[PDB]
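Undergrad: Please find one structure pasted underneath; my questions will follow.
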Amino acid sequence: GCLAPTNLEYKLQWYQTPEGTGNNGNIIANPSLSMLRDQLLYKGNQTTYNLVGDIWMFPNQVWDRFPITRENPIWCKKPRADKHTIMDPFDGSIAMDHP
Amino acid sequence: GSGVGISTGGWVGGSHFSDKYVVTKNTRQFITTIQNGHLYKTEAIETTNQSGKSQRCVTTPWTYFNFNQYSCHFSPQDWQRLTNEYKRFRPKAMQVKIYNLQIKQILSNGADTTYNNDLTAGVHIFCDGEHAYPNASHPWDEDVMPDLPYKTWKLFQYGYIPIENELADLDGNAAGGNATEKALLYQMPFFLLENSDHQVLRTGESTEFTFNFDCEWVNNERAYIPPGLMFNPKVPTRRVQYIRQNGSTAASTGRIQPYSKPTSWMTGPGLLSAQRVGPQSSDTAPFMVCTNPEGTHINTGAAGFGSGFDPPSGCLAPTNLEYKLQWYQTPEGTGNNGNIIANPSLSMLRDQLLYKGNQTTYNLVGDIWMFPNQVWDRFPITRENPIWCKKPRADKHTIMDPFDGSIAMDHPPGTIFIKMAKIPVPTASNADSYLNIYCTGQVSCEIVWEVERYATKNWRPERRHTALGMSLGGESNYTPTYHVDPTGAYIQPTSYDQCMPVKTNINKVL
Amino acid sequence: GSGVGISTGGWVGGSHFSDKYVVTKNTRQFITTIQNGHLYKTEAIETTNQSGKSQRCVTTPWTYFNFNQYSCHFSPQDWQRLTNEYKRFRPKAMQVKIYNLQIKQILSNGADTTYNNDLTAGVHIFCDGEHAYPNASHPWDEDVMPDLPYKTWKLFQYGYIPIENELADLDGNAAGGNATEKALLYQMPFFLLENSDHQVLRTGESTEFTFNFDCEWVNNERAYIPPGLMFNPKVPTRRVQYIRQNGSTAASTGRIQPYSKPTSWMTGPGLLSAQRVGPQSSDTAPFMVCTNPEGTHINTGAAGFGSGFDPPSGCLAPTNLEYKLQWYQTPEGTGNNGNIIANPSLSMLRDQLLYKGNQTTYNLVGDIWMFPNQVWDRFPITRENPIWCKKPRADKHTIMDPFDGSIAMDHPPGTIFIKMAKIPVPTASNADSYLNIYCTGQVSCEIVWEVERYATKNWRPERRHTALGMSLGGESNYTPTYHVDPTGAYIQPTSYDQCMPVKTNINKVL
Amino acid sequence: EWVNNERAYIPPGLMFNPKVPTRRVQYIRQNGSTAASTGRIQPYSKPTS
Amino acid sequence: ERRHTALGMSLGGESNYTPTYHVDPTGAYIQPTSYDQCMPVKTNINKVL
Amino acid sequence: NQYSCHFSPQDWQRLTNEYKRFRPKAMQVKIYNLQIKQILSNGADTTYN
Amino acid sequence: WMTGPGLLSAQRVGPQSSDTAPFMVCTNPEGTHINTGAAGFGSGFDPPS
Amino acid sequence: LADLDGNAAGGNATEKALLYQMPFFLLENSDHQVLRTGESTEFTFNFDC
Amino acid sequence: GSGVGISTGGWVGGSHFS
């Protein structure tokens, strides 16, 4: 979420009304042109730079949020558990206690 | 009375110390210029190399007051008394007044360059305060209010970056030539400060603004022990151990020693793995954070075009000079004479480390992210650090916790913009003409700091900022750090013991 | 307080959007000059060719503020938000303020050309508002308030045409020499703005005027079907047909098909038959409307001396480039680089046609006049079109309906005239002398627009003004349409998709 | 919580004014060869928190 | 600022025409093609950050 | 739970163009006008009464 | 939803009798000590993962 | 008006611009009454004609 | 009234923007 997908495997594909059945029906969920989204982090060694694949929560990260389209779910169920985290679903849906 | 010949306000200065506040008043003398042609343009900034890079930087006729540093509000005396006598402080409110304006006309024949005031000329003065326009101030910028009074403070032009220049490019057509390159240009925000309603002032007028601050405290205290030492080493603990077989060396099960008990607490986040890159002249490095809507660009070349994250490994042992702050100092040098290294503060909630044991001995973990139970405290702001930083508008974020030490506020005190009203001149067609004038006046920034006093049960004497850590000298010599040379030079503080960082003093029991 | 050294008013700007209004505030910086000798004269305008033509044009020392365009009141942002979010709008009221005047004296030795203010000098400021004097403003004229703030706006001289020059002539005596030629000259209205009572302002003063508007709405909606498609094609209609024998091909009587039912509604008026004429340089063409009290002149030569009717075939298919609007744009070019074609808006109450069937197939009717049941809608004003036009005082007229798209009002907001008081100088006899000064100040035009929001039962998404129809670029490139060049140039909007015409968006069900 | 329809148009790292100088210096490791030097951050490309 | 135009809609409905949000000659509803149809939030307006 | 069920394409367009942020306050659902039919199948008729 | 945080990579070290291990968290104001020897003098984080 | 029909024929661009905005009206968008046998309705009207 | 032969509620639809 909030990283450059760098491949099709990291993306949303709706599909659409149930047929297809693919790949005719699916849609790729292209970037929204923010600029709080997508991004990247490069780690410089002595010479040039290399993309850091996995970057976890770190202070000062500010990523905005997935740009929900008209077909996205409105909310999602937020599990009952002691602790959790920012939450921030990557599907774009709102996580509510008691939807 | 009012009008020309009547001073609109008086000078004001000095600080006052009370149990619950320090109200620090400062008045400075400022100057403006025509600041381009009164017209905005835009500028690709000339880059030294030019290997490649640029920035779009629409520039404005406006110029702005930047109040953000501690050194401008506090004298070295007052900073000393603040960091020694109080555990924590935050600003409640700030009040600024522009008054006693003199608008002079610049008359240059090539020799005289006379200056005679023009009444009826005026200056535009606009305090954003909604943060509707792109923020002018940025932490660590020069353009801050100068340290000393009696030094004229020259205002700096206001400009801002529209869409990042590396993204589009184009440049290439049919090269390409890409379509998403242009989609970023077609929407490029373009901000005029004339869109907003704002005041025009002739000589007789003054203005005032104020502000209010919700900001978090900045804490002057030191830990004296890591959080892992809370335990009483006299009493036994039950936690046992085990171990893997490893070896040979058949594994055994045994109790934790009374000393060296377990710790639930963890090392504050920071990233040590990265390294600076190459020529300088840009960016430089490490941990460049950039956006790459796909593909842009990608390409990719050259690698790493984007904003760098300068002081990673906040609350970690720096382990090298590259991870540190270096101020410099007043703009020359130019290095390395002027820079200062920002040495450790001796907490003990700062610095730290994390070692990862394999079967045999231990190895430093370079990059450690946010993890529960991490408690790192915060950067020990000195007198030259910025007070606040602008906190971006975005949905989610994180602890924040800037590593520069500055407070991250939603709505920092709004930047105050000033330009001088264009005075047009009759001319043949085109010929932007106008008239060469400059404004001069007095800004008085009165900020109230909510402050609170320490009380300790420690028997032993605590550390304080002595002023015997000051150093000569002033070219030739003598002239201690906060003082003035035989020439008017102010002999900026050498090293890190001068400028008196917070968190070095008092104590916290944790 | 009051007097020199006290700004009389502040800058003001920006627009505000509410359900029922958009109040758009704009402040500009203006400049005046001595504008002839303070004396009127009259001028036969030098004509390029000079095949023949002229105009009488009594010129005045006065100069005037022309507020009539949409682009001056609305930013591209605000025009976009207006045309996207609202079906119709009209101005309720306008308020103008002249304030912060600087009257400078021009001192020229041939080199210095110094400028030093003269207090006690003054400017005359007169708002007609009764339309007792000939109107200064005319649609599509430059002299309108400039698009951008921060651009100085140079005022343009006020002049008006007394009796048409072609009518008299004379010129010929005994040639002749005609008697009715002179009868038109003997009564030639001659207007002095000093006849009227008006204000004189020194630096300390400001003025304000306001206004009120009775004007009709301008509607942003699109038809999506001609009025002839109202019918339900599923249900049968009774209207029968017949036909003539023609042929051979013996005529038969039969029912109208369910599709293609009759229509009571008719094509809006317009005239396609005329053509442009020749050299340019005057008039040019088509449909010159002129007066010819008999015989004058008649003669006749050369043919067609009179005012041309530029955009005939309002609400008709243009069928050629000659029938269209071409803005240009900021004054250079000079063509054809600057001009823009004013493409169709895709209503469907616009454009259209009428075909006249003879026995075999159909033929376009070139000129179609007012006829009952014609319903044509109206020209889709863009951001650069004039807001209003002056509606002549006359007994009768017609629908009106200007083809330029501008609103025709009885009593448009009165033109505001400004000259600088003649400052005389001692001299030997004759020697009109006086003194060279110029005025500079700030006009703030605050106009309130009555506005109303659309609601549609359409399921499907409607068209909007994207801003992705904007185009590069700024010499070299990038710098999208509403934005500023690396040089201060503003990169005027290319084509017709930029500048965002009304009636392209939303829908009307008819 | 709200769902926000807005776009950033710049990364958060571009907040700075590129016209004004910044003090933050740099250093670098020796690397190389290529003896390391200490120098100021350029006015463009300022640090980002 | 950018807006959702509805000129980014696409044909078509088998055979053709029948733009995205609309109905085929058969009762089919011709679901929106790609991502420009269905109009995601955060593409429009701006935030100054 | 979807946005497409509550908003028409027209209304989604007008929502994402004209407003910076939105959240639902309240939802109200009504089940009414119930018809309970019996399915009678002999293998051919499959009548419904 | 995602897995709660924890660290499985580390291993206990050697003789016991101190500290023992894994994930020793310690402070090292530079250089102290650094040295470095022996490695890992500081408080251990006992139940990671 | 559109036609298209022809592609590359053409194939014209303004042909499609008329299709992309094609109003499509559902009477279910509106709020309206449902009646069983027991109910009746009444409306009236008024005429300025 | 109530019972079979009386519609319990009417259709409703459309959105409103404020």
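Scheme for the structure tokens: letters A, B, ... for chains in order shown; per-chain residue numbers from 1; ligand numbers from 1 in order shown.
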Go through chain E residue by residue and, counting only C-alpha atoms, keep those with an atom at most 12 Å from chain C; for each kept residue give the shortest atom pair and its distance in Å to one decimal, ordered by chain and increasing number, as a Markdown table.
TA:
```
| residue | atom | partner | partner_atom | distance |
| --- | --- | --- | --- | --- |
| E:1 | CA | C:467 | CA | 5.8 |
| E:2 | CA | C:466 | CA | 4.9 |
| E:3 | CA | C:466 | CA | 4.7 |
| E:4 | CA | C:466 | CA | 6.6 |
| E:5 | CA | C:464 | CA | 4.7 |
| E:6 | CA | C:463 | CA | 5.1 |
| E:7 | CA | C:463 | CA | 6.3 |
| E:8 | CA | C:463 | CA | 9.3 |
| E:9 | CA | C:461 | CA | 8.8 |
| E:18 | CA | C:460 | CA | 11.2 |
| E:19 | CA | C:460 | CA | 9.0 |
| E:20 | CA | C:460 | CA | 8.3 |
| E:21 | CA | C:460 | CA | 5.3 |
| E:22 | CA | C:460 | CA | 6.6 |
| E:23 | CA | C:460 | CA | 10.2 |
| E:29 | CA | C:460 | CA | 11.3 |
| E:30 | CA | C:460 | CA | 11.9 |
| E:31 | CA | C:460 | CA | 11.9 |
| E:32 | CA | C:460 | CA | 11.1 |
| E:37 | CA | C:461 | CA | 9.5 |
| E:38 | CA | C:461 | CA | 9.8 |
| E:39 | CA | C:461 | CA | 9.8 |
| E:43 | CA | C:466 | CA | 11.4 |
| E:44 | CA | C:466 | CA | 9.6 |
| E:45 | CA | C:77 | CA | 10.2 |
| E:46 | CA | C:77 | CA | 11.6 |
```
Undergrad: Please write the residues from the selection above to a file, keeping C-alpha atoms, as a PDB file, in the first residue's frame.
TA:
```pdb
ATOM      1  CA  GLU E   1      -8.045  21.772 -11.389  1.00  0.00           C
ATOM      2  CA  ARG E   2      -8.696  18.344 -12.877  1.00  0.00           C
ATOM      3  CA  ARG E   3     -12.238  16.947 -12.907  1.00  0.00           C
ATOM      4  CA  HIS E   4     -13.964  13.732 -13.961  1.00  0.00           C
ATOM      5  CA  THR E   5     -15.016  14.587 -17.458  1.00  0.00           C
ATOM      6  CA  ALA E   6     -17.283  11.771 -18.708  1.00  0.00           C
ATOM      7  CA  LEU E   7     -15.434  12.268 -21.974  1.00  0.00           C
ATOM      8  CA  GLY E   8     -13.091   9.614 -20.640  1.00  0.00           C
ATOM      9  CA  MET E   9     -15.960   7.178 -21.072  1.00  0.00           C
ATOM     10  CA  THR E  18     -23.633   2.649 -25.952  1.00  0.00           C
ATOM     11  CA  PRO E  19     -21.190   4.605 -23.743  1.00  0.00           C
ATOM     12  CA  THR E  20     -20.040   3.197 -20.428  1.00  0.00           C
ATOM     13  CA  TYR E  21     -22.858   4.087 -18.079  1.00  0.00           C
ATOM     14  CA  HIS E  22     -25.809   3.329 -20.302  1.00  0.00           C
ATOM     15  CA  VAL E  23     -27.659   0.267 -21.585  1.00  0.00           C
ATOM     16  CA  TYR E  29     -25.487  -2.277 -18.879  1.00  0.00           C
ATOM     17  CA  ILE E  30     -22.026  -2.051 -20.556  1.00  0.00           C
ATOM     18  CA  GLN E  31     -19.892  -1.914 -17.409  1.00  0.00           C
ATOM     19  CA  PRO E  32     -17.210   0.816 -17.213  1.00  0.00           C
ATOM     20  CA  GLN E  37     -14.340   5.408 -15.762  1.00  0.00           C
ATOM     21  CA  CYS E  38     -15.573   4.756 -12.186  1.00  0.00           C
ATOM     22  CA  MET E  39     -13.995   8.026 -11.145  1.00  0.00           C
ATOM     23  CA  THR E  43      -7.536  12.525  -8.399  1.00  0.00           C
ATOM     24  CA  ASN E  44      -9.127  15.964  -8.184  1.00  0.00           C
ATOM     25  CA  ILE E  45      -8.962  19.269  -6.323  1.00  0.00           C
ATOM     26  CA  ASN E  46      -5.646  19.825  -4.480  1.00  0.00           C
TER      27      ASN E  46
END
```
Undergrad: Which chain D residues have any atom within 12 Å of an atom of chain A, and for each, what is the nearest pair of atoms with distance in Å to one decimal, counting only C-alpha atoms, rows sorted by chain and number, as a tab-separated table?
TA:
```
residue	atom	partner	partner_atom	distance
D:1	CA	A:94	CA	7.2
D:2	CA	A:94	CA	8.6
D:3	CA	A:94	CA	8.0
D:4	CA	A:65	CA	8.6
D:5	CA	A:67	CA	7.9
D:6	CA	A:34	CA	8.6
D:7	CA	A:34	CA	5.3
D:8	CA	A:34	CA	5.3
D:9	CA	A:35	CA	5.7
D:10	CA	A:35	CA	5.4
D:11	CA	A:35	CA	5.0
D:12	CA	A:36	CA	7.4
D:13	CA	A:35	CA	10.2
D:14	CA	A:35	CA	10.5
D:28	CA	A:46	CA	9.3
D:29	CA	A:46	CA	8.0
D:30	CA	A:46	CA	9.3
D:31	CA	A:46	CA	6.5
D:32	CA	A:46	CA	8.9
D:33	CA	A:46	CA	11.8
D:34	CA	A:46	CA	11.3
D:36	CA	A:46	CA	11.6
D:48	CA	A:60	CA	9.9
D:49	CA	A:60	CA	6.8
```
Undergrad: Enter the distance from atom CA of residue F:1 to atom CA of residue A:88, in Å, rounded to one decimal.
TA: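 Between atom CA of residue F:1 and atom CA of residue A:88 the gap works out to 17.5 Å.
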Undergrad: For residue G:18, list every protein, DNA or RNA residue within 9 Å, evaluated using only C-alpha atoms, and leave out those in the same chain fewer than 5 positions away; present the list as a list in words.
TA: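 Result of the neighbour search: residues 256, 257, 259 and 260 of chain B.
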Undergrad: Which residues in stretch 83-238 of chain C does DSSP call alpha helix (DSSP H)? List them as a VMD selection string.
TA: chain C and resid 83 to 85 179 to 186
Undergrad: Could you please determine the separation between atom CA of residue C:495 and atom CA of residue C:340 in Å, to one decimal place?
TA: 5.4 Å
Undergrad: Within 12 Å of chain H, which residues of chain F are there when counting only C-alpha atoms? Please give them as a list in words.
TA: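 The answer, sorted by residue number, is residues 6, 7, 8, 9, 10, 11, 32, 33, 34 and 35 of chain F.
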Undergrad: Deliver the residues from the most recent selection as a file, using N, CA and C atoms, as an mmCIF file, in the first residue's frame.
TA:
```
data_model
loop_
_atom_site.group_PDB
_atom_site.id
_atom_site.type_symbol
_atom_site.label_atom_id
_atom_site.label_comp_id
_atom_site.auth_asym_id
_atom_site.auth_seq_id
_atom_site.Cartn_x
_atom_site.Cartn_y
_atom_site.Cartn_z
ATOM 1 N N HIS F 6 -25.006 2.954 -3.710
ATOM 2 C CA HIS F 6 -25.650 4.133 -3.150
ATOM 3 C C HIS F 6 -25.654 5.308 -4.116
ATOM 4 N N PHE F 7 -24.638 5.417 -4.963
ATOM 5 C CA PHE F 7 -24.458 6.571 -5.830
ATOM 6 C C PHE F 7 -24.627 6.176 -7.283
ATOM 7 N N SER F 8 -25.381 6.972 -8.024
ATOM 8 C CA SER F 8 -25.385 6.837 -9.458
ATOM 9 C C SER F 8 -24.081 7.391 -10.007
ATOM 10 N N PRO F 9 -23.721 7.036 -11.234
ATOM 11 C CA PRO F 9 -22.523 7.634 -11.823
ATOM 12 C C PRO F 9 -22.592 9.145 -11.882
ATOM 13 N N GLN F 10 -23.779 9.692 -12.122
ATOM 14 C CA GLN F 10 -23.978 11.130 -12.027
ATOM 15 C C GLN F 10 -23.640 11.638 -10.644
ATOM 16 N N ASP F 11 -24.145 10.968 -9.620
ATOM 17 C CA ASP F 11 -24.007 11.451 -8.261
ATOM 18 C C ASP F 11 -22.610 11.228 -7.732
ATOM 19 N N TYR F 32 -40.166 -3.790 3.033
ATOM 20 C CA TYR F 32 -41.591 -3.513 2.937
ATOM 21 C C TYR F 32 -42.095 -4.075 1.622
ATOM 22 N N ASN F 33 -43.416 -4.172 1.509
ATOM 23 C CA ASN F 33 -44.069 -4.681 0.305
ATOM 24 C C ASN F 33 -43.638 -6.109 0.012
ATOM 25 N N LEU F 34 -43.698 -6.951 1.032
ATOM 26 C CA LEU F 34 -43.277 -8.333 0.898
ATOM 27 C C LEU F 34 -44.336 -9.146 0.173
ATOM 28 N N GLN F 35 -43.901 -9.966 -0.776
ATOM 29 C CA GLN F 35 -44.758 -10.975 -1.376
ATOM 30 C C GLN F 35 -44.130 -12.334 -1.142
#
```
Undergrad: Using atom CA of residue B:487 and atom CA of residue B:445 as the two end points, give the distance in Å to one decimal.
TA: 28.3 Å
Undergrad: Which residues of chain I come within 6 Å of chain H, and what is each one's closest atom pair and distance in Å (one decimal), counting only C-alpha atoms, sorted by chain and residue number, as JSON lines?
TA:
```
{"residue": "I:5", "atom": "CA", "partner": "H:38", "partner_atom": "CA", "distance": 5.2}
{"residue": "I:6", "atom": "CA", "partner": "H:36", "partner_atom": "CA", "distance": 5.3}
{"residue": "I:7", "atom": "CA", "partner": "H:36", "partner_atom": "CA", "distance": 5.2}
{"residue": "I:10", "atom": "CA", "partner": "H:33", "partner_atom": "CA", "distance": 4.6}
{"residue": "I:11", "atom": "CA", "partner": "H:32", "partner_atom": "CA", "distance": 5.3}
{"residue": "I:12", "atom": "CA", "partner": "H:31", "partner_atom": "CA", "distance": 4.1}
{"residue": "I:13", "atom": "CA", "partner": "H:31", "partner_atom": "CA", "distance": 4.9}
{"residue": "I:14", "atom": "CA", "partner": "H:29", "partner_atom": "CA", "distance": 4.5}
```
Undergrad: In stretch 246-482 of chain B, what's strand (DSSP E) per DSSP? Answer as number ranges by chain?
TA: B: 270-271, 288-289, 307-308, 355-357, 362-364, 367-368, 388-390, 407-409, 416-420, 437-453
Undergrad: Residues of chain H that approach chain E to 9 Å or less, counting only C-alpha atoms: could you list each one with the shortest pair of atoms and its distance in Å to one decimal, rows by chain and increasing residue number, as a tab-separated table?
TA:
```
residue	atom	partner	partner_atom	distance
H:2	CA	E:17	CA	8.5
H:3	CA	E:17	CA	8.3
H:4	CA	E:17	CA	7.5
H:5	CA	E:16	CA	7.7
H:16	CA	E:17	CA	8.1
H:17	CA	E:7	CA	6.7
H:19	CA	E:19	CA	6.4
H:20	CA	E:7	CA	5.5
H:21	CA	E:6	CA	6.7
H:22	CA	E:19	CA	7.5
H:23	CA	E:22	CA	8.4
H:24	CA	E:22	CA	6.2
```
Undergrad: Please identify all polymer residues within 8 Å of residue D:16, counting only C-alpha atoms, omitting same-chain residues fewer than 3 positions from it, and present them as a short mmCIF file (atom, residue, chain, number, x, y, z; two decimals) with N, CA and C atoms, in the first residue's frame.
TA:
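Saved the output as around.cif:
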```
data_model
loop_
_atom_site.label_atom_id
_atom_site.label_comp_id
_atom_site.auth_asym_id
_atom_site.auth_seq_id
_atom_site.Cartn_x
_atom_site.Cartn_y
_atom_site.Cartn_z
N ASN B 135 3.79 26.68 2.05
CA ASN B 135 4.52 27.26 3.16
C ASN B 135 5.87 27.78 2.70
N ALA B 136 6.19 29.00 3.13
CA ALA B 136 7.50 29.56 2.82
C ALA B 136 8.57 28.98 3.72
N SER B 137 8.31 28.94 5.02
CA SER B 137 9.33 28.52 5.97
C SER B 137 9.62 27.04 5.84
N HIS B 138 10.87 26.68 6.03
CA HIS B 138 11.30 25.30 6.13
C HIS B 138 12.39 25.24 7.19
N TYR B 160 8.01 28.56 -4.39
CA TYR B 160 7.55 27.23 -4.02
C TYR B 160 7.68 26.32 -5.22
N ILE B 161 7.71 25.03 -4.96
CA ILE B 161 7.91 24.06 -6.04
C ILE B 161 6.55 23.55 -6.49
N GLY D 13 8.32 16.05 0.62
CA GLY D 13 9.69 16.50 0.67
C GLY D 13 9.96 17.80 -0.05
N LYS D 46 16.75 20.22 -0.49
CA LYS D 46 16.98 20.29 0.93
C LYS D 46 16.63 18.97 1.60
#
```
Undergrad: Counting only C-alpha atoms, which residues of chain B sit at most 7 Å from some atom of chain G, and what is each one's closest atom pair with its distance in Å to one decimal, listed by chain and rising residue number, as JSON lines?
TA:
```
{"residue": "B:226", "atom": "CA", "partner": "G:27", "partner_atom": "CA", "distance": 6.8}
{"residue": "B:228", "atom": "CA", "partner": "G:43", "partner_atom": "CA", "distance": 5.5}
{"residue": "B:243", "atom": "CA", "partner": "G:12", "partner_atom": "CA", "distance": 5.6}
{"residue": "B:244", "atom": "CA", "partner": "G:12", "partner_atom": "CA", "distance": 6.9}
{"residue": "B:257", "atom": "CA", "partner": "G:18", "partner_atom": "CA", "distance": 6.9}
{"residue": "B:260", "atom": "CA", "partner": "G:19", "partner_atom": "CA", "distance": 5.8}
{"residue": "B:262", "atom": "CA", "partner": "G:46", "partner_atom": "CA", "distance": 5.1}
{"residue": "B:263", "atom": "CA", "partner": "G:45", "partner_atom": "CA", "distance": 4.9}
{"residue": "B:264", "atom": "CA", "partner": "G:45", "partner_atom": "CA", "distance": 6.0}
{"residue": "B:266", "atom": "CA", "partner": "G:25", "partner_atom": "CA", "distance": 6.4}
{"residue": "B:267", "atom": "CA", "partner": "G:25", "partner_atom": "CA", "distance": 6.1}
{"residue": "B:317", "atom": "CA", "partner": "G:28", "partner_atom": "CA", "distance": 6.3}
{"residue": "B:344", "atom": "CA", "partner": "G:29", "partner_atom": "CA", "distance": 6.3}
{"residue": "B:346", "atom": "CA", "partner": "G:29", "partner_atom": "CA", "distance": 6.4}
{"residue": "B:348", "atom": "CA", "partner": "G:27", "partner_atom": "CA", "distance": 6.0}
{"residue": "B:351", "atom": "CA", "partner": "G:27", "partner_atom": "CA", "distance": 6.0}
{"residue": "B:352", "atom": "CA", "partner": "G:27", "partner_atom": "CA", "distance": 3.5}
{"residue": "B:353", "atom": "CA", "partner": "G:26", "partner_atom": "CA", "distance": 5.6}
{"residue": "B:354", "atom": "CA", "partner": "G:25", "partner_atom": "CA", "distance": 4.8}
{"residue": "B:355", "atom": "CA", "partner": "G:24", "partner_atom": "CA", "distance": 5.2}
{"residue": "B:356", "atom": "CA", "partner": "G:23", "partner_atom": "CA", "distance": 4.7}
{"residue": "B:357", "atom": "CA", "partner": "G:22", "partner_atom": "CA", "distance": 5.2}
{"residue": "B:358", "atom": "CA", "partner": "G:11", "partner_atom": "CA", "distance": 4.7}
{"residue": "B:359", "atom": "CA", "partner": "G:13", "partner_atom": "CA", "distance": 5.3}
{"residue": "B:360", "atom": "CA", "partner": "G:13", "partner_atom": "CA", "distance": 5.6}
{"residue": "B:361", "atom": "CA", "partner": "G:13", "partner_atom": "CA", "distance": 6.1}
{"residue": "B:362", "atom": "CA", "partner": "G:39", "partner_atom": "CA", "distance": 5.9}
{"residue": "B:371", "atom": "CA", "partner": "G:5", "partner_atom": "CA", "distance": 6.8}
```
Undergrad: Using only C-alpha atoms, select each residue of chain F with any atom at most 7 Å away from an atom of chain E, and give the selection as a PyMOL selection string.
TA: chain F and resi 13+16-17
